[PDB]
Amino acid sequence: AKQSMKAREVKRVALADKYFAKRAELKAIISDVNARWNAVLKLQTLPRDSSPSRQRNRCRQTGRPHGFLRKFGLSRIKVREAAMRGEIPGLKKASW
Amino acid sequence: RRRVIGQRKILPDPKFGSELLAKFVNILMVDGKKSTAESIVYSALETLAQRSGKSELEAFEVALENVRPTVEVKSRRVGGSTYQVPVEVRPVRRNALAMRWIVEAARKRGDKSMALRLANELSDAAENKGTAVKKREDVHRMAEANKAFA
Amino acid sequence: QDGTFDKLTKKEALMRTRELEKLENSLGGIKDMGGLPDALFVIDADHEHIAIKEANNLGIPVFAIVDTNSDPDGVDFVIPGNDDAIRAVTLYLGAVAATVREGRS
Amino acid sequence: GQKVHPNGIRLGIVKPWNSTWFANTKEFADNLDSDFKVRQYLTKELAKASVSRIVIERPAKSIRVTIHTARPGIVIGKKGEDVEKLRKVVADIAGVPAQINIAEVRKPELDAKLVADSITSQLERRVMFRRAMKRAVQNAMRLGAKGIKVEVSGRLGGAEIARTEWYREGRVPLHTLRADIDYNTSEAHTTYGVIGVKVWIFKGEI
RNA sequence: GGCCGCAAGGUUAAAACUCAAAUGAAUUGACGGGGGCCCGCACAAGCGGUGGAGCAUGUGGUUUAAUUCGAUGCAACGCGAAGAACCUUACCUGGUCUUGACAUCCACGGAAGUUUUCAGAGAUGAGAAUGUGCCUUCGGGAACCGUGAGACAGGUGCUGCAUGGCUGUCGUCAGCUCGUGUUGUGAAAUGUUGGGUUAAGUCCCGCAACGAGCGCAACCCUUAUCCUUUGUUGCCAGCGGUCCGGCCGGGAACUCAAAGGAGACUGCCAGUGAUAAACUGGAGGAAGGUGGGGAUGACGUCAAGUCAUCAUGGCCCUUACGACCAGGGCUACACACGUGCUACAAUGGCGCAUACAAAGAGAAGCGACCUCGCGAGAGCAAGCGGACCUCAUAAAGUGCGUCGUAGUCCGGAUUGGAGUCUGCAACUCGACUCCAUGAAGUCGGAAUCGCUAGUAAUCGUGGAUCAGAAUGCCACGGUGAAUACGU
RNA sequence: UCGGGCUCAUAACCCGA
RNA sequence: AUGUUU
Ligand SMILES: [Mg+2]
Ligand SMILES: [Mg+2]
Ligand SMILES: [Mg+2]
Ligand SMILES: [Mg+2]
Ligand SMILES: [Mg+2]
Ligand SMILES: [Mg+2]
Ligand SMILES: [Mg+2]
Ligand SMILES: [Mg+2]
Ligand SMILES: [Mg+2]
Ligand SMILES: [Mg+2]
Ligand SMILES: [Mg+2]
Ligand SMILES: [Mg+2]
Ligand SMILES: [Mg+2]
Ligand SMILES: [Mg+2]
Ligand SMILES: [Mg+2]
Ligand SMILES: [Mg+2]
Ligand SMILES: [Mg+2]
Ligand SMILES: [Mg+2]
Ligand SMILES: [Mg+2]
């Protein structure tokens with residue numbers, strides 16, 4: 001969580017919606033056997049604080065960078081806590 | 001504890017017909033591979049044939065008679081001291097005790113295949129010898145030597 | 001009795017019907033009552049002493065037969081007799097019917 | 001935790017959800033946020049509005065909602081004024097032009113959160129928690145209720161040690177599935193701490 | 001001190017100083033190496049394990065610039081962490097900032113932006129051109145960009161003895177209480193004790209008790225049956241067709257799917273038993289005596305755990321305990337412990353061929369097909385958003401070649417050289433493949449754990465988290481035991 | 001003496017060197 | 001045997 005951190009992460013997100021949003025391949029094709037130079041691969045200093053592998057999740061509701069659920073977005077605490085009330089359609093406590 | 005049960009029997013001999021015999025196949029069976037147990041408890045008698053001759057059916061029980069005990073002891077604590085009071089075991093567990101001790105030594109033969117490591121002890125009983133038959137009378141030692149109890 | 005036990009299979013009845021079974025037997029003479037006594041008259045005074053415990057409190061008239069071992073304290077209306085006497089068991093008991101209905105009208 | 005959430009294991013029977021629609025790994029994600037976002041801003045303002053629940057649906061590229069307020073009047077204001085203003089909040093915090101509406105809640109003194117948020121405020125209002133919860137809260141009983149109760153938290157009053165008060169009437173067997181009980185909470189930030197509330201309102205079994 | 005005595009000592013009998021009590025009876029609970037009674041894999045009866053070995057993972061210690069923090073008998077130690085190369089990330093060394101990285105707001109300039117240049121590790125700083133949005137009763141304003149200034153903002157900073165919320169714990173234990181009445185000066189008691197009985201404060205009987213609330217028993221799930229309907233992607237029986245492939249038509253019969261039901265209730269039979277409850281056998285049935293497995297965890301105790309999810313009382317930091325970037329560390333090691341994985345082998349290993357499940361997964365996804373590659377995989381590219389396709393080629397098992405009890409035809413650690421890929425990026429610190437090397441180890445002391453049946457045991461399969469690193473967790477089925485006198 | 005076990009934990013006790 | 005620790 002920590003607003004100061006949350007925001008610090010938000011940056012790591014927008015950057016993808018820019019550089020990686022398209023220019024990510026603008027050099028990719030020139031990276032794999034598609035002859036083929038190295039200049040682009042060499043002057044490759046565009047994606048720094050930006051990387052499609054440096055973005056964390058953090059409980060959507062809160063912001064815990066652990067115990068995340070793709071199908072949702074929150075962490076065990078919120079999810080369970082919320083599901084209890086019913087902010088999630090069809091999510092009754094499982095018990096085969 | 002406060003409840004009582006009966007017994008858990010199962011499918012008897014695949015053809016020779018023998019409920020208890022199954023135990024020899026189960027007790028010996030390991031990793032829940034009964035499919036292989038029948039491959040050892042059956043093939044065993046198929047080898048003792050020339051060995052003994054007469055129906056392998058009797059062959060088993062025959063020597064088996066010289067392996068089954070008939071009196072054991074159970075630790076019972078009293079006033080600090082825990083006596084080893086003796087007790088004559090009924091047939092039910094009797095025959096069982098044998099099979100356990102029987103299959104055990106057989107797997108301690110330390111030779112090659114179990115098929116043979118099993119027959120050896122299956123006949124070693126009658127002729128007398130081996131670890132299996134050992135326990136038989138070995139138990140008798142502790143027995144009576146404590147008759148001063150029960 | 002009324003069309004209410006008709007619910008639940010032929011078995012449930014026994015459950016609620018058994019409940020009443022005891023109730024009636026214990027709460028025999030009271031069904032009509034709905035307030036308090038006025039002058040209770042017990043039979044085996046001594047033995048049924050605990051049944052007078054409540055009487056001595058309020059002050060409701062208490063009459064009852066007291067043998068030789070009875071407790072002539074709780075009962076404020078002395079009248080010995082015999083908690084037994086299979087035949088004399090109703091004797092003094094009958095002299096009550098008169099006092100009641102056949103004595104008030 | 002000895003007792004679990006009496007409302008959690010109830011979404012199946014005798015108790016409805018709060019956000020019935022549809023969504024997959026794709027939408028469910030953004031959807032989980034939406035239902036949240038709204039209920040956040042909506043409540044803050046609909047506070048004095050006496051809310052009981054906030055249902056949320058979604059037919060297509062738009063949310064439905066159903067502000068369960070004990071007095072939607074305040075939510076209206078100058079007749080449409082208030083409502084309209086907020087009707088835009090959702091359309092922007094939902095990403096799509098969503099509908100709107102309400103359904104006043106009568107007998108508010110017999111509703112979980114409503115009664116909960118009720119006894120939680122009296123605190124800051126300078127009242128005696130005990131003399132309050134055992135009175136200006138149990139009122140539900142008066143309404144021919146079958147059973148109800150409330151279990152406060154710690155730091156009650158000027159105490160420096162957390163605790164918990166009893167006081168309860170009727171029967172609240174939070175074990176019977178059919179039973180059905182209304183549960184909710186409210187962290188009434190106390191001038192010197194943060195006490196909690198737990199209202200158990202059981203209205204008939206199945 | 002006096003008196004008595006052979007003596008040992010007796011008899012008479014103080015004070016200083018010190019404490020706020022000492023003490024009697026009785027009540028509640030607790031405990032006992034007190035008694036009676038009764039349960040739970042507690043033991044007993046069995047099977048298989050741990051400590052042995054190597055490795056994985058956590059921890060203590062130790063070390064370090066840091067080895068971020070919390071978790072500690074059971075009830076911490078593959079725990080928070082369902083996923084630490086960067087990121088994460090809190091810790092460190094250094095570079096750098098000071099109404100801020102994130103908020104609102106006031107004022108000024110400029111639509112926002114665009115792509116690039118140089119220098120830097122980057123954080124940035126200074127530029128070069130370009131872009132010229134919404135309205136305006138023309139100032140002004142809406143967003144927004146930079147700056148100025150503050151009110152403020154920021155803190156995974158400390159108190160889990162200030163707290164919420166959440167959870168562990170005995171304990172799935174059968175208990176825990178309350179109102180009224182009554183007994184006692186009272187503290188309390190009764191109920192709730194007792195006789196049977198039950199898995200059960202379960203039920204009946206009795207009784208100064210009468211009733212009731214929370215809890216056990218039910219309704220929820222799911223499985224075991226049978227029916228109804230629906231029959232596509234699922235099904236294939238009688239019919240033919242057939243490239244002989246449920247492949248065609250076709251048929252709705254079957255499994256199956258999945259919504260609604262049927263059913264089990266001491267319900268009925270006998271005995272026992274107070275002709276009470278209940279128990280023990282029986283029938284019928286797929287199913288018997290809460291059918292099996294889930295979920296559900298009473299009043300409470302351990303000031304039990306978590307201010308680090310988040311929230312929050314107080315307290316504290318305020319060119320900083322705030323903030324941004326690059327590298328390092330959490331992946332140290334001279335040791336110790338916990339939970340695990342793999343073997344030590346012929347109920348086995350390796351080569352051949354072969355026999356069959358269940359449940360889930362998926363558009364920045366699962367990715368067939370065919371080509372090349374010893375190989376990881378790379379290329380090509382269809383199909384399926386899915387009872388339509390891809391994951392999917394179950395493993396044990398079975399029948400043969402064999403090897404012969406060798407540290408080996410076992411076992412695989414370790415290491416060297418060469419490669420693949422996921423990624424800016426894999427030295428520090430990644431998963432896999434290729435060849436070469438082949439470890440310790442031959443069944444493990446004191447001690448210690450799990451498991452009563454589809455269980456234990458073994459063998460595989462899928463999911464979650466997730467760019468890319470599961471001996472972990474969650475879940476699925478295949479096969480498939482022993483043993484239980486008794487406390 | 002040390003390393004491990006036993007106990008809630010010590011000593012003692014048991015194991016190993 | 002003890003635990004403010006045989
Ligand atoms: Mg914060
Ligand atoms: Mg990541
Ligand atoms: Mg005393
Ligand atoms: Mg059990
Ligand atoms: Mg044992
Ligand atoms: Mg052993
Ligand atoms: Mg790091
Ligand atoms: Mg502040
Ligand atoms: Mg605590
Ligand atoms: Mg702590
Ligand atoms: Mg403490
Ligand atoms: Mg009861
Ligand atoms: Mg239950
Ligand atoms: Mg704080
Ligand atoms: Mg770590
Ligand atoms: Mg996957
Ligand atoms: Mg995985
Ligand atoms: Mg001492
Ligand atoms: Mg000392």
# chains A, B, ... in the order shown; residues from 1 in each chain; ligands from 1
call {"tool": "residues_near_ligand", "arguments": {"ligand": "ligand 11", "cutoff": "12 Å", "atoms": "only C-alpha atoms (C1' of nucleotides) and all ligand atoms", "output": "PyMOL selection string"}}
result
chain E and resi 159-161+302-304
call {"tool": "residues_near_ligand", "arguments": {"ligand": "ligand 1", "cutoff": "9 Å", "atoms": "only C-alpha atoms (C1' of nucleotides) and all ligand atoms", "output": "list in words"}}
result
residues 1, 2, 3 and 4 of chain A; 154, 155 and 310 of chain E
call {"tool": "write_last_selection", "arguments": {"atoms": "C-alpha atoms (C1' of nucleotides)", "output": "PDB file, in the first residue's frame"}}
result
ATOM      1  CA  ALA A   1       0.000   0.000   0.000  1.00  0.00           C
ATOM      2  CA  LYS A   2       1.470   3.324   1.158  1.00  0.00           C
ATOM      3  CA  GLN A   3       0.252   6.130  -1.109  1.00  0.00           C
ATOM      4  CA  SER A   4       3.880   7.090  -1.725  1.00  0.00           C
TER       5      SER A   4
ATOM      6  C1'   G E 154       3.980  12.120   3.220  1.00  0.00           C
ATOM      7  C1'   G E 155       6.045   7.887   7.099  1.00  0.00           C
ATOM      8  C1'   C E 310      -6.278  -2.041   6.034  1.00  0.00           C
TER       9        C E 310
END
call {"tool": "residues_near_ligand", "arguments": {"ligand": "ligand 4", "cutoff": "9 Å", "atoms": "only C-alpha atoms (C1' of nucleotides) and all ligand atoms", "output": "list in words"}}
result
residues 40, 41, 451 and 452 of chain E
call {"tool": "residues_around", "arguments": {"residues": "region 27-35 of chain D", "least_positions_apart": "4", "cutoff": "10 Å", "atoms": "only C-alpha atoms (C1' of nucleotides)", "output": "PyMOL selection string"}}
result
(chain A and resi 60-61+69-74+79+82+87-89) or (chain D and resi 18-19+21-23+39-40+54-58+63+65+90+93-95)
call {"tool": "write_last_selection", "arguments": {"atoms": "N, CA, C and O atoms", "output": "compact mmCIF listing (two decimals), in the first residue's frame"}}
result
# COMPACT_ATOMS: atom_id res chain seq x y z
N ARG A 60 -6.42 -4.51 -5.02
CA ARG A 60 -7.11 -3.37 -5.60
C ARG A 60 -7.72 -2.48 -4.53
O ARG A 60 -7.44 -1.28 -4.47
N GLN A 61 -8.54 -3.08 -3.68
CA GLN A 61 -9.20 -2.35 -2.60
C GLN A 61 -8.15 -1.68 -1.72
O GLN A 61 -8.17 -0.47 -1.53
N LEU A 69 -5.55 -12.10 -6.41
CA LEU A 69 -6.41 -12.99 -7.17
C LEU A 69 -6.78 -12.35 -8.51
O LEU A 69 -7.48 -11.33 -8.54
N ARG A 70 -6.31 -12.94 -9.60
CA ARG A 70 -6.57 -12.43 -10.94
C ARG A 70 -8.07 -12.27 -11.21
O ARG A 70 -8.52 -11.21 -11.65
N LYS A 71 -8.82 -13.34 -10.96
CA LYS A 71 -10.26 -13.34 -11.18
C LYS A 71 -10.93 -12.16 -10.48
O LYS A 71 -12.06 -11.79 -10.81
N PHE A 72 -10.23 -11.58 -9.51
CA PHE A 72 -10.75 -10.45 -8.76
C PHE A 72 -9.85 -9.22 -8.90
O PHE A 72 -9.93 -8.49 -9.89
N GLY A 73 -8.99 -9.01 -7.91
CA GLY A 73 -8.09 -7.88 -7.94
C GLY A 73 -7.66 -7.48 -6.54
O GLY A 73 -6.69 -6.74 -6.36
N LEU A 74 -8.38 -7.99 -5.54
CA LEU A 74 -8.09 -7.69 -4.15
C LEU A 74 -7.31 -8.84 -3.54
O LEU A 74 -7.03 -9.84 -4.21
N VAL A 79 -11.19 -9.57 -0.34
CA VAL A 79 -12.01 -10.53 -1.08
C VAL A 79 -12.96 -11.25 -0.14
O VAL A 79 -14.17 -11.07 -0.20
N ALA A 82 -15.31 -9.02 1.65
CA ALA A 82 -16.34 -8.51 0.75
C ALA A 82 -17.33 -9.60 0.37
O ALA A 82 -18.54 -9.43 0.50
N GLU A 87 -20.51 -8.56 -2.41
CA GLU A 87 -20.11 -7.62 -3.46
C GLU A 87 -19.52 -8.40 -4.63
O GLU A 87 -18.84 -7.83 -5.49
N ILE A 88 -19.79 -9.70 -4.65
CA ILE A 88 -19.31 -10.58 -5.71
C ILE A 88 -20.39 -11.59 -6.09
O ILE A 88 -20.74 -12.46 -5.29
N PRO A 89 -20.93 -11.49 -7.31
CA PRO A 89 -21.97 -12.39 -7.79
C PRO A 89 -21.55 -13.85 -7.86
O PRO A 89 -20.57 -14.20 -8.51
N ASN D 18 -25.80 -8.84 -3.41
CA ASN D 18 -25.72 -7.39 -3.34
C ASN D 18 -25.21 -6.82 -4.66
O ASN D 18 -25.21 -5.61 -4.87
N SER D 19 -24.78 -7.71 -5.55
CA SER D 19 -24.27 -7.32 -6.86
C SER D 19 -24.45 -8.46 -7.85
O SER D 19 -23.47 -9.08 -8.29
N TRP D 21 -25.13 -9.92 -11.40
CA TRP D 21 -25.05 -9.63 -12.82
C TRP D 21 -24.30 -10.75 -13.54
O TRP D 21 -24.82 -11.85 -13.70
N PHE D 22 -23.07 -10.46 -13.96
CA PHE D 22 -22.24 -11.44 -14.65
C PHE D 22 -20.90 -10.83 -15.03
O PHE D 22 -20.80 -9.63 -15.29
N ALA D 23 -19.86 -11.66 -15.05
CA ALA D 23 -18.52 -11.19 -15.40
C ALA D 23 -17.51 -12.33 -15.40
O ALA D 23 -17.62 -13.28 -14.63
N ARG D 39 -20.31 2.74 -4.19
CA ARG D 39 -20.72 2.60 -2.79
C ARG D 39 -19.90 3.47 -1.85
O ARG D 39 -20.33 3.76 -0.74
N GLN D 40 -18.72 3.90 -2.30
CA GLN D 40 -17.86 4.74 -1.48
C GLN D 40 -18.37 6.17 -1.42
O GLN D 40 -18.68 6.69 -0.35
N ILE D 54 -26.99 -1.16 -0.54
CA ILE D 54 -26.84 -0.56 -1.86
C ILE D 54 -26.66 -1.64 -2.92
O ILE D 54 -25.55 -2.08 -3.21
N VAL D 55 -27.79 -2.08 -3.49
CA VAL D 55 -27.79 -3.11 -4.52
C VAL D 55 -27.20 -2.56 -5.82
O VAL D 55 -27.34 -1.37 -6.12
N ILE D 56 -26.55 -3.43 -6.59
CA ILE D 56 -25.95 -3.02 -7.85
C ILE D 56 -26.04 -4.13 -8.90
O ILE D 56 -25.63 -5.26 -8.66
N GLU D 57 -26.58 -3.78 -10.06
CA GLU D 57 -26.73 -4.71 -11.17
C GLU D 57 -26.07 -4.11 -12.41
O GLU D 57 -25.37 -3.10 -12.31
N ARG D 58 -26.29 -4.73 -13.56
CA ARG D 58 -25.69 -4.23 -14.80
C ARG D 58 -26.26 -4.95 -16.02
O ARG D 58 -25.86 -6.07 -16.34
N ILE D 63 -24.88 0.53 -15.16
CA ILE D 63 -25.26 -0.08 -13.89
C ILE D 63 -26.70 0.28 -13.53
O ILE D 63 -27.24 1.27 -14.02
N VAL D 65 -28.32 -0.29 -9.86
CA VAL D 65 -28.29 0.24 -8.50
C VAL D 65 -29.69 0.31 -7.89
O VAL D 65 -30.69 0.28 -8.61
N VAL D 90 -22.04 8.36 -10.79
CA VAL D 90 -21.92 6.97 -11.19
C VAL D 90 -21.51 6.83 -12.65
O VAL D 90 -20.56 6.11 -12.97
N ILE D 93 -17.95 7.39 -12.62
CA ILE D 93 -17.16 6.48 -11.80
C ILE D 93 -17.43 5.03 -12.19
O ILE D 93 -16.91 4.10 -11.58
N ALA D 94 -18.27 4.86 -13.22
CA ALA D 94 -18.61 3.53 -13.71
C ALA D 94 -18.08 3.37 -15.13
O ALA D 94 -17.96 2.26 -15.64
N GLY D 95 -17.76 4.50 -15.76
CA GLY D 95 -17.23 4.48 -17.11
C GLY D 95 -18.30 4.44 -18.19
O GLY D 95 -18.02 4.69 -19.36
call {"tool": "interface_residues", "arguments": {"of": "chain A", "to": "chain E", "cutoff": "10 Å", "atoms": "only C-alpha atoms (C1' of nucleotides)", "output": "tab-separated table (two decimals) with N, CA, C and O atoms, in the first residue's frame"}}
result
chain	number	residue	atom	x	y	z
A	1	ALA	N	0.85	-1.23	0.00
A	1	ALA	CA	0.00	0.00	0.00
A	1	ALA	C	0.86	1.26	0.00
A	1	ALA	O	1.66	1.47	-0.92
A	2	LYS	N	0.71	2.08	1.03
A	2	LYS	CA	1.47	3.32	1.16
A	2	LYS	C	1.29	4.19	-0.09
A	2	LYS	O	1.88	3.90	-1.13
A	3	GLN	N	0.49	5.24	0.02
A	3	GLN	CA	0.25	6.13	-1.11
A	3	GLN	C	1.54	6.44	-1.86
A	3	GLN	O	1.58	6.37	-3.09
A	4	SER	N	2.59	6.77	-1.12
A	4	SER	CA	3.88	7.09	-1.72
A	4	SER	C	4.37	5.96	-2.63
A	4	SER	O	4.98	6.20	-3.66
A	5	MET	N	4.09	4.72	-2.22
A	5	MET	CA	4.49	3.55	-3.00
A	5	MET	C	3.49	3.29	-4.12
A	5	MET	O	3.87	3.07	-5.27
A	6	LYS	N	2.21	3.31	-3.77
A	6	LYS	CA	1.14	3.08	-4.73
A	6	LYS	C	1.38	3.90	-5.99
A	6	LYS	O	1.36	3.38	-7.10
A	7	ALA	N	1.61	5.20	-5.80
A	7	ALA	CA	1.87	6.11	-6.91
A	7	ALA	C	3.13	5.70	-7.65
A	7	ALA	O	3.14	5.62	-8.88
A	8	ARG	N	4.20	5.45	-6.90
A	8	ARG	CA	5.47	5.05	-7.49
A	8	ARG	C	5.25	3.90	-8.47
A	8	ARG	O	5.94	3.79	-9.48
A	9	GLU	N	4.27	3.06	-8.16
A	9	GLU	CA	3.93	1.93	-9.02
A	9	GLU	C	3.10	2.39	-10.21
A	9	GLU	O	3.32	1.94	-11.33
A	11	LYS	N	3.29	4.79	-11.96
A	11	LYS	CA	4.17	5.25	-13.03
A	11	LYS	C	4.58	4.05	-13.87
A	11	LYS	O	4.50	4.07	-15.10
A	12	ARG	N	5.02	2.99	-13.18
A	12	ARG	CA	5.45	1.76	-13.82
A	12	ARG	C	4.35	1.15	-14.69
A	12	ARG	O	4.59	0.19	-15.42
A	41	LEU	N	19.17	-2.75	-31.20
A	41	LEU	CA	19.39	-3.59	-30.03
A	41	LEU	C	20.48	-2.99	-29.15
A	41	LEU	O	20.50	-3.21	-27.94
A	44	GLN	N	19.46	0.43	-27.38
A	44	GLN	CA	18.25	0.05	-26.66
A	44	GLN	C	18.27	0.63	-25.25
A	44	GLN	O	18.63	-0.06	-24.29
A	45	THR	N	17.90	1.90	-25.12
A	45	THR	CA	17.88	2.56	-23.83
A	45	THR	C	16.58	3.35	-23.67
A	45	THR	O	16.58	4.47	-23.17
A	46	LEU	N	15.48	2.75	-24.11
A	46	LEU	CA	14.17	3.37	-24.02
A	46	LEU	C	13.34	2.82	-22.86
A	46	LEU	O	12.74	3.58	-22.11
A	47	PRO	N	13.31	1.49	-22.71
A	47	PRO	CA	12.55	0.88	-21.61
A	47	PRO	C	13.37	0.72	-20.34
A	47	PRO	O	13.99	-0.32	-20.13
A	48	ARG	N	13.37	1.74	-19.48
A	48	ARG	CA	14.11	1.66	-18.23
A	48	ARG	C	13.16	1.39	-17.08
A	48	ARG	O	12.95	0.25	-16.69
A	49	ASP	N	12.58	2.46	-16.54
A	49	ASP	CA	11.64	2.34	-15.43
A	49	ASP	C	10.39	1.66	-15.99
A	49	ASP	O	9.44	1.37	-15.26
A	50	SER	N	10.42	1.40	-17.29
A	50	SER	CA	9.31	0.76	-17.99
A	50	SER	C	9.66	-0.68	-18.36
A	50	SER	O	10.66	-0.93	-19.02
A	51	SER	N	8.81	-1.61	-17.93
A	51	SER	CA	9.01	-3.03	-18.23
A	51	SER	C	7.71	-3.79	-17.99
A	51	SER	O	7.06	-3.61	-16.96
A	52	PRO	N	7.32	-4.64	-18.95
A	52	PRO	CA	6.09	-5.43	-18.84
A	52	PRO	C	6.20	-6.53	-17.78
A	52	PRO	O	5.34	-7.39	-17.67
A	53	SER	N	7.28	-6.48	-17.01
A	53	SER	CA	7.52	-7.47	-15.97
A	53	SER	C	7.89	-6.84	-14.64
A	53	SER	O	8.34	-7.52	-13.72
A	54	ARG	N	7.68	-5.53	-14.52
A	54	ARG	CA	8.01	-4.83	-13.28
A	54	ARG	C	6.77	-4.25	-12.61
A	54	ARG	O	6.88	-3.48	-11.65
A	55	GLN	N	5.60	-4.61	-13.11
A	55	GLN	CA	4.35	-4.12	-12.54
A	55	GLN	C	3.77	-5.13	-11.56
A	55	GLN	O	3.53	-6.28	-11.91
A	56	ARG	N	3.55	-4.69	-10.32
A	56	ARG	CA	2.97	-5.56	-9.30
A	56	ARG	C	1.46	-5.35	-9.28
A	56	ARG	O	0.94	-4.50	-9.99
A	57	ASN	N	0.77	-6.13	-8.45
A	57	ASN	CA	-0.68	-6.02	-8.36
A	57	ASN	C	-1.16	-5.20	-7.16
A	57	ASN	O	-1.62	-4.07	-7.31
A	58	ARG	N	-1.04	-5.79	-5.97
A	58	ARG	CA	-1.48	-5.14	-4.73
A	58	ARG	C	-3.01	-5.15	-4.69
A	58	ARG	O	-3.66	-4.74	-5.65
A	59	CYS	N	-3.57	-5.61	-3.58
A	59	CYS	CA	-5.02	-5.67	-3.40
A	59	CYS	C	-5.69	-4.40	-3.91
A	59	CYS	O	-5.54	-3.33	-3.31
A	61	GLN	N	-8.54	-3.08	-3.68
A	61	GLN	CA	-9.20	-2.35	-2.60
A	61	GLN	C	-8.15	-1.68	-1.72
A	61	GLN	O	-8.17	-0.47	-1.53
A	62	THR	N	-7.24	-2.48	-1.18
A	62	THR	CA	-6.18	-1.97	-0.31
A	62	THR	C	-4.90	-1.66	-1.09
A	62	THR	O	-4.72	-0.55	-1.59
A	63	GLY	N	-4.01	-2.65	-1.18
A	63	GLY	CA	-2.77	-2.45	-1.91
A	63	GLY	C	-1.66	-3.40	-1.50
A	63	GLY	O	-0.48	-3.11	-1.70
A	64	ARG	N	-2.03	-4.54	-0.93
A	64	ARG	CA	-1.07	-5.54	-0.49
A	64	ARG	C	-0.46	-6.25	-1.70
A	64	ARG	O	-1.17	-6.92	-2.45
A	65	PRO	N	0.86	-6.12	-1.90
A	65	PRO	CA	1.54	-6.76	-3.03
A	65	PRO	C	1.66	-8.27	-2.88
A	65	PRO	O	2.54	-8.90	-3.47
A	66	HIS	N	0.77	-8.86	-2.08
A	66	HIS	CA	0.77	-10.30	-1.85
A	66	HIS	C	-0.64	-10.85	-1.70
A	66	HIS	O	-1.56	-10.12	-1.32
A	67	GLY	N	-0.81	-12.14	-1.98
A	67	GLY	CA	-2.11	-12.76	-1.87
A	67	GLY	C	-3.12	-12.13	-2.82
A	67	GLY	O	-4.21	-11.74	-2.41
A	68	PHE	N	-2.75	-12.04	-4.09
A	68	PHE	CA	-3.61	-11.45	-5.11
A	68	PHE	C	-4.41	-12.51	-5.87
A	68	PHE	O	-4.00	-13.66	-5.96
A	69	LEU	N	-5.55	-12.10	-6.41
A	69	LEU	CA	-6.41	-12.99	-7.17
A	69	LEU	C	-6.78	-12.35	-8.51
A	69	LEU	O	-7.48	-11.33	-8.54
A	70	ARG	N	-6.31	-12.94	-9.60
A	70	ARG	CA	-6.57	-12.43	-10.94
A	70	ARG	C	-8.07	-12.27	-11.21
A	70	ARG	O	-8.52	-11.21	-11.65
A	75	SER	N	-6.96	-8.71	-2.26
A	75	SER	CA	-6.22	-9.76	-1.57
A	75	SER	C	-7.15	-10.51	-0.62
A	75	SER	O	-8.24	-10.05	-0.29
A	76	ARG	N	-6.69	-11.69	-0.19
A	76	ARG	CA	-7.46	-12.56	0.70
A	76	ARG	C	-8.35	-11.85	1.73
A	76	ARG	O	-9.51	-12.22	1.89
A	77	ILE	N	-7.81	-10.84	2.41
A	77	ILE	CA	-8.59	-10.12	3.41
A	77	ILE	C	-9.84	-9.47	2.82
A	77	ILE	O	-10.96	-9.84	3.18
A	78	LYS	N	-9.65	-8.51	1.93
A	78	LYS	CA	-10.77	-7.82	1.30
A	78	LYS	C	-11.72	-8.78	0.59
A	78	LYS	O	-12.91	-8.81	0.89
A	81	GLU	N	-13.63	-10.85	3.02
A	81	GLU	CA	-14.42	-9.86	3.74
A	81	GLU	C	-15.58	-9.34	2.91
A	81	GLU	O	-16.71	-9.23	3.40
A	93	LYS	N	-19.19	-19.60	-0.06
A	93	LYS	CA	-18.09	-20.37	0.49
A	93	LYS	C	-18.16	-21.81	-0.01
A	93	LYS	O	-19.12	-22.53	0.27
A	94	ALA	N	-17.14	-22.22	-0.75
A	94	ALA	CA	-17.07	-23.57	-1.31
A	94	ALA	C	-17.00	-24.65	-0.24
A	94	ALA	O	-16.42	-24.46	0.82
A	95	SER	N	-17.60	-25.80	-0.55
A	95	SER	CA	-17.62	-26.94	0.36
A	95	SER	C	-18.20	-28.15	-0.36
A	95	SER	O	-19.39	-28.45	-0.23
A	96	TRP	N	-17.36	-28.84	-1.12
A	96	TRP	CA	-17.79	-30.01	-1.87
A	96	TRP	C	-18.38	-31.06	-0.93
A	96	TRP	O	-19.59	-31.34	-1.05
call {"tool": "residues_around", "arguments": {"residues": "residue 44 (chain C)", "least_positions_apart": "5", "cutoff": "8 Å", "atoms": "only C-alpha atoms (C1' of nucleotides)", "output": "list in words"}}
result
residues 49, 64, 65, 66 and 83 of chain C
call {"tool": "residues_around", "arguments": {"residues": "residue 383 (chain E)", "least_positions_apart": "3", "cutoff": "9 Å", "atoms": "only C-alpha atoms (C1' of nucleotides)", "output": "list in words"}}
result
residues 367, 368, 389 and 390 of chain E
